[PDB]
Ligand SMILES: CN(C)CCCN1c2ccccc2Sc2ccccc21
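Only one chain is given next, in structure tokens, and it is the form solved without Promazine (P2Z).
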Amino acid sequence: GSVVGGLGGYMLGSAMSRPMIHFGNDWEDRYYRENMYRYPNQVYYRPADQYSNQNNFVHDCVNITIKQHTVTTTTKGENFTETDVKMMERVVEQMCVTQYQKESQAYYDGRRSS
């Protein structure tokens, strides 16, 4: 994990696979697809040590990955409008839903792959 310091004790995991959300729409599907690269392929999250349920973590990891991008524009330009944010609310979602599970299989066992 490339655990960024500019976080309130959250981490940074690994690169993922930018999903294929269609939003149940034709235009959202397309607009996302045409721009899917602009969004991160990663997420930020606190450790599952203080969690239990998908909602709690996913809700945080939404707000966090979104804002950390929508705030990183204060040193970049990634300002992400409401339409971009709604894409992110699903993109960082699927990433975080996975990201949870990845660590849930490394917090439950004591991390002993030996």
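Start at 1 and count along the sequence shown; that's the residue number.
Here the subject shifts to the form solved in complex with Promazine (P2Z), a form of this protein not shown in this document.
J.: Taking the pose of Promazine (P2Z) in the bound PDB entry and superposing the surrounding C-alphas, is this site open or blocked by backbone or C-beta atoms within 2.4 Å of 3 or more ligand atoms?
T.: Check flagged, pocket reads blocked.
J.: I64 near Promazine (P2Z) in the bound PDB entry, any heavy atom under 4.5 Å?
T.: Result yes; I64 sits at the interface with Promazine (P2Z) in the bound PDB entry.
J.: Counting only non-hydrogen atoms and a 4.5 angstroms cut-off, does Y32 reach Promazine (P2Z) in the bound PDB entry?
T.: The answer is no: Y32 has no heavy atom within 4.5 Å of Promazine (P2Z).
J.: With the partner left out here, check for me: in the bound PDB entry, does some heavy atom of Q42 sit within 4.5 Å of Promazine (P2Z)?
T.: Looking in the bound PDB entry, residue contacts with Promazine (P2Z) do not include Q42, since no heavy atom lies within 4.5 Å.
J.: Can any non-hydrogen atom of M36 be found within 4.5 angstroms of Promazine (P2Z) in the bound PDB entry?
T.: Result no; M36 lies far from Promazine (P2Z) in the bound PDB entry.
J.: Just one of 69-77, 22-30, 49-57, 83-91 has heavy atoms within 4.5 Å of Promazine (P2Z) in the bound PDB entry; which?
T.: Heavy atoms within 4.5 Å of Promazine (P2Z) in the bound PDB entry occur in 69-77.
J.: If you look in the bound PDB entry, which residues in 27-43 sit within 4.5 Å of Promazine (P2Z) (heavy atoms)?
T.: Going through 27-43 in order - heavy atoms within 4.5 Å of Promazine (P2Z) in the bound PDB entry - there are no hits.
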